[PDB]
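So the protein lines, in turn, are chains W and F.
By the numbering used here, the letter at position 63 of the first sequence is numbered 232, and the numbering carries on one by one without gaps.
By the numbering used here, the letter at position 10 of the second sequence is numbered 22, and the numbering carries on one by one without gaps.
Backbone N, C-alpha and C define an ideal beta-carbon position, used for all residues, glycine too.
The block underneath contains the structure these notes are about, expressed in structure tokens.
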Amino acid sequence: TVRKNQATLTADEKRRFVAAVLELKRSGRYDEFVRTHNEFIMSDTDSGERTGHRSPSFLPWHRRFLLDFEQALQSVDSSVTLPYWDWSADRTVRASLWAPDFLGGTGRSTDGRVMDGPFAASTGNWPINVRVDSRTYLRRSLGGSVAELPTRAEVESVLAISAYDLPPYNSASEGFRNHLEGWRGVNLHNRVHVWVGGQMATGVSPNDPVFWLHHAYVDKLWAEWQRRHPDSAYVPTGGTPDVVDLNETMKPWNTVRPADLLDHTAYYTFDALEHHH
Amino acid sequence: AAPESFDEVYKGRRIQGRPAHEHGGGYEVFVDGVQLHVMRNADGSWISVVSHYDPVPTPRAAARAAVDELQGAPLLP
Ligand SMILES: [Cu+2]
Ligand SMILES: [Cu+2]
Ligand SMILES: [Cu+2]
Ligand SMILES: [Cu+2]
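Set out below in structure tokens:
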């Protein structure tokens, strides 16, 4: 129940994480997470119903989605938890994240195909099945479409924003959620998807296992924000059309509300999370 | 006010746009006659399902970005 910085995992932990992910893929369970994510990102819209993205529920929705995925991992190997990728620190293609013993590296220049690591198409263990085009191999172009990952100074600027979210509760909003998501401002979460490239830059982005480590760090930044702003909390708090209010339930689960997910410690802790200082 | 329609050959591929498990749809884009899901953001920029986190100003720009991303690959509906 401890989520650790990817950079700190032991060789044993990397091995067990990779094996659990590959078993979810083999059994068919992994691809249904890719499919769920794609349905939500293709339906969430700024002027209509929005639940997984571009809306205040972006953070609790992804928190529950990652919990569903972690529990599936733990059904294969109970010792495995989701690691997180602090892209403000591990910001180059030579980070151990991208080593052949963990997620493998960037794609070759001809077709973006990842050529090493456990998820390379040549292994036979990572077919891309849920897809928007014919290609069936994992692709990446690290640093190709945008030069730089966010820096710690940029992250700190967003963490200082006190309001959780603001009307109109979409990609035009001021406030923490939309600056963390990245549709306005210096851009944190969206820019990382663009920097990885390949399927990570598309609606079917959970096809790349780095998806989970990216969102585990976004989820940690929500926890850091809460510690910085103990006086701020999820909004809206009732009666907002098309948006998940605090005590409303969320699709697809229907049985959990943002209110049930604000406190991560009910489900996991981090290796390090600074106290309200 | 939807954008205008367009039709051109971009990097060898036909891209078309027109006003009209996924969202509603006020505008349609096609790459070689296969529909490309695209979506408009509140500020008037566009994304597509092959470049979802990267707003571009117009539906033609999203079609071109998709052709760039596909590297010759057929789109799947
Ligand atoms: Cu998402
Ligand atoms: Cu994301
Ligand atoms: Cu205080
Ligand atoms: Cu749609």
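Pop quiz: residue i and residue j are said to be a contact at Cβ under 8 Å. What is the actual Cβ separation, rounded to whole angstroms?
i	j	result
residue 254 (chain W)	residue 175 (chain W)	5 Å
residue 378 (chain W)	residue 288 (chain W)	6 Å
residue 367 (chain W)	residue 308 (chain W)	3 Å
residue 320 (chain W)	residue 257 (chain W)	6 Å
residue 328 (chain W)	residue 364 (chain W)	Residue 328 (chain W) to residue 364 (chain W), Cβ: 20 Å. No contact.
residue 232 (chain W)	residue 352 (chain W)	Not confirmed; about 19 Å, so no contact.
residue 66 (chain F)	residue 370 (chain W)	7 Å
residue 271 (chain W)	residue 281 (chain W)	Not really, about 19 Å apart at Cβ, beyond 8 Å.
residue 419 (chain W)	residue 35 (chain F)	Contact doesn't hold; Cβ gap of about 18 Å is too wide.
residue 69 (chain F)	residue 50 (chain F)	Contact doesn't hold; Cβ gap of about 13 Å is too wide.
Buried or exposed for residue i, going by 16 or more other Cβ atoms inside 10 Å?
i	result
residue 220 (chain W)	buried
residue 28 (chain F)	buried
residue 421 (chain W)	exposed
residue 23 (chain F)	exposed
residue 444 (chain W)	exposed
residue 410 (chain W)	exposed
residue 339 (chain W)	buried
residue 291 (chain W)	exposed
residue 446 (chain W)	exposed
residue 261 (chain W)	exposed
residue 207 (chain W)	buried
residue 240 (chain W)	exposed
Between the Cα of residue i and those of the options, spot the shortest distance and give me the residue it belongs to.
i	options	result
residue 249 (chain W)	W:210, W:190, W:349 and W:328	W:190
residue 237 (chain W)	W:198, W:269 and W:207	W:198
residue 336 (chain W)	F:72, F:54 and F:64	F:54
residue 14 (chain F)	F:44, F:33, F:39 and F:21	F:39
residue 73 (chain F)	F:84, F:60 and F:34	F:60
residue 405 (chain W)	W:207, W:428 and W:200	W:428
residue 384 (chain W)	W:306, W:331 and W:252	W:252
residue 244 (chain W)	W:267, W:205, W:188 and W:228	W:188
residue 130 (chain W)	W:326, W:400, W:408 and W:306	The requested residue 130 (chain W) does not occur in the structure, where chain W is confined to residues 170 to 446.
residue 400 (chain W)	W:333, W:407, W:433 and W:424	W:333
residue 278 (chain W)	W:204, W:314 and W:302	W:314
residue 89 (chain F)	F:18, F:47 and F:56	F:47
residue 402 (chain W)	W:214, W:210 and W:228	W:228
residue 345 (chain W)	W:361, W:397 and W:317	W:397
residue 82 (chain F)	W:442, W:426 and W:304	W:304
residue 317 (chain W)	W:360, W:297 and W:302	W:360
residue 392 (chain W)	W:416, W:431, W:247 and W:415	W:431
residue 407 (chain W)	W:225, W:322, W:247 and W:395	W:225
residue 75 (chain F)	F:32, F:42 and F:31	F:42
residue 439 (chain W)	W:386, W:241 and W:274	W:386
residue 306 (chain W)	W:179, W:394, W:348 and W:373	W:373
residue 84 (chain F)	F:16, F:26, F:18 and F:20	F:26
residue 45 (chain F)	F:77, F:19 and F:80	F:19
residue 357 (chain W)	W:380, W:330 and W:324	W:324
residue 259 (chain W)	W:382, W:205, W:435 and W:442	W:382
residue 155 (chain W)	W:355, W:302 and W:341	Only positions 170 to 446 of chain W appear in the structure, and residue 155 (chain W) is not among them; the question remains open.
Residue i CB to nearest chain F CB: under 8 Å?
i	result
residue 203 (chain W)	no
residue 215 (chain W)	yes
residue 297 (chain W)	no
residue 314 (chain W)	yes
residue 387 (chain W)	no
residue 344 (chain W)	no
residue 347 (chain W)	no
residue 300 (chain W)	yes
residue 305 (chain W)	no
residue 212 (chain W)	yes
residue 370 (chain W)	yes
residue 176 (chain W)	no
residue 363 (chain W)	yes
residue 341 (chain W)	yes
residue 323 (chain W)	no
residue 334 (chain W)	no
residue 376 (chain W)	no
residue 411 (chain W)	no
residue 423 (chain W)	no
Under 8 Å, Cβ to Cβ, is there at least one residue of chain W near residue i?
i	result
residue 39 (chain F)	no
residue 63 (chain F)	yes
residue 66 (chain F)	yes
residue 47 (chain F)	no
residue 83 (chain F)	yes
residue 44 (chain F)	no
residue 24 (chain F)	no
residue 20 (chain F)	no
residue 71 (chain F)	no
residue 56 (chain F)	no
residue 16 (chain F)	no
residue 36 (chain F)	yes
residue 86 (chain F)	yes
Length at least 4, wholly inside the region 175-223 of chain W: the alpha helix (DSSP H) runs in chain order | List check, alpha helix (DSSP H) in window: 180-195 and 198-212.
Beta strand (DSSP E) runs wholly inside the region 216-286 of chain W, at least 3 long, in chain order = none
Every unbroken alpha helix (DSSP H) inside the region 366-412 of chain W [4 residues or more] = 379-397
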